[PDB]
Protein chains: 4
Amino acid sequence: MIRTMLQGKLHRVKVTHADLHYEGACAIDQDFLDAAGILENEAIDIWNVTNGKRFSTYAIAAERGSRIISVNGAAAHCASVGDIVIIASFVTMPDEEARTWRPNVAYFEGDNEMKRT
Amino acid sequence: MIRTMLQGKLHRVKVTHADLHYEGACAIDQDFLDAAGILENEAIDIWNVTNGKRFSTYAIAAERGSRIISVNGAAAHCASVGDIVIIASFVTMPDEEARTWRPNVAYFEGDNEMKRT
Amino acid sequence: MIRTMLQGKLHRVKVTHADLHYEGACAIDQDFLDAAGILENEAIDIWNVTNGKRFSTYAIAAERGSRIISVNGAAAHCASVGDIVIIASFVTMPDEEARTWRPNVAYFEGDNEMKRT
Amino acid sequence: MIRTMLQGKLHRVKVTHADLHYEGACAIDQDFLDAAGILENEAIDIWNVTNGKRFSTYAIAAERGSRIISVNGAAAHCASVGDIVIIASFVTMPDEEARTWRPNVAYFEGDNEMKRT
């Protein structure tokens, strides 16, 4: 049987933009997406450390190096600029592969600077 | 391993009807379903740009050309006539196919007129 | 790629019992489970037509013929005796099978009497 | 077609720690994880019997024998020390295997002592 496992997450990144109109999804610096192994158009869950809200949407790429985290469309009701959020994707696999599965985790410092190790 | 990807969405369509009783689900003009690639009886997520609510239900077909978006049953607690919503379906596939996956997106103008390109 | 489709639902059944302690899940007359094609220990979504709440739990069997719908454990915070709810399960399959997929739907009358056709 | 089934649960365990900062997820005594068959980095749903909240996160191991249930990061908004929660994982399998599927259930007494049978 098949497990759902954490694929990767952006841990405690800060929302940089929030615009109800127009567009939607959560636009994320492509460098951040690569670090966490998250793909453009992949389903993502967003857990807001600042306000406690939890919601699910999908990832789109923002410009590499922009350090952008933009919550757009209806999702803009769920976060504000400055909020600290955790952004996660999940994947499925057989139990055997799940047992030794390792998520990609990206950590942050300062103004959404990616932290090493 | 297997990714969950955005299959397609109706972007910023307007709710035309909301009836708590009876029936359920979200009835959507079949032309809209075809445009976004969404199937009758497929699980859909609905993100309400107007009121911020997010909920999951399933799609049923409304008459082709009716331009109808009817939120029925318990879902009628989550949207009102006139609300702007995003309606999405998600599918799973191997990582390799996910990397070059392209969602179907349908956009709207005026009174739920589908916008081209 | 793989679609998530409505497998079956109990449409507008009434909650008969709600006990926060102890046990959990939603216990459902086995005849109702068979009618909707829902299995013991299968994940189910519950949409409360009366109070608007939406939550996910799993199905357990109640005695055949009891006409019971018991919301237990934490789920008892989400429904009250007398509430009208829709109980659904979802399954996955290839797109080809999804295109002609037919959900099992069970309808109700009076005191959770299953309605024919 | 493929069913989503309850894999296992921790039934009515008590939250021992809740820290918004830092880390995230829900750290759970590894002995408890083994008992319910839940894996490190597996998606889990948490249903709070005390306050009614329901949320989804992922499991991480706490020290074997610590009897720890720590809700961390954004999840700390959803439970408090002392809350009674049910922690569940779900897996997918073909309908045939689902029909005779048996979830692992772990029960608790006193100060998160695992109860036998």
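A, B, ... follow the sequence lines: proteins, then strands. Residue 1 opens every chain. Heavy atoms only: backbone and side chains are in, while hydrogens, waters and symmetry mates are out.
- Atoms CZ and OG, on B:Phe90 and A:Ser56 in that order, are 8.0 Å from each other to the nearest 0.5 Å.
- In this structure, the portion of A:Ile38 lying under 4.5 Å from any heavy atom of chain B is its backbone and not its side chain.
- Rounding to the nearest 0.5 angstrom, the gap separating the CD1 atom in A:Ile44 from the CG atom in B:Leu6 is 11.0 Å.
- Residues B:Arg54 and A:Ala75 come closest through the heavy atom pair NH1-N, 3.4 Å.
- Note that the CG atom of A:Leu20 and the CD1 atom of B:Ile84 stand 12.0 Å from one another [nearest 0.5 Å].
- Between A:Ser89 and B:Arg3, the closest heavy-atom pair is OG-NH1, 3.9 Å.
- With values rounded to the nearest 0.5 angstrom, B:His11 atom NE2 is found 5.0 Å from A:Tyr22 atom OH.
- For the atom pair CE of B:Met5 and CG of A:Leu39, the computed distance is 5.0 Å after rounding to the nearest 0.5 Å.
- Atom-to-atom distance recorded for B:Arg99:CZ and A:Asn41:CG is 13.0 Å, nearest 0.5 angstrom.
- B:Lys9 touches chain A through its side chain: at least one heavy atom from C-beta onward sits under 4.5 Å away, while N, CA, C and O do not.
- In terms of heavy-atom pairs under 4.5 Å with chain B, the best-connected choice from A:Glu40, A:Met93, A:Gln7, A:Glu42 is A:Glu42.
- The main-chain N or O of B:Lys53 is never found under 3.5 Å from a side-chain atom of A:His77 such that the two would form a donor-acceptor pair.
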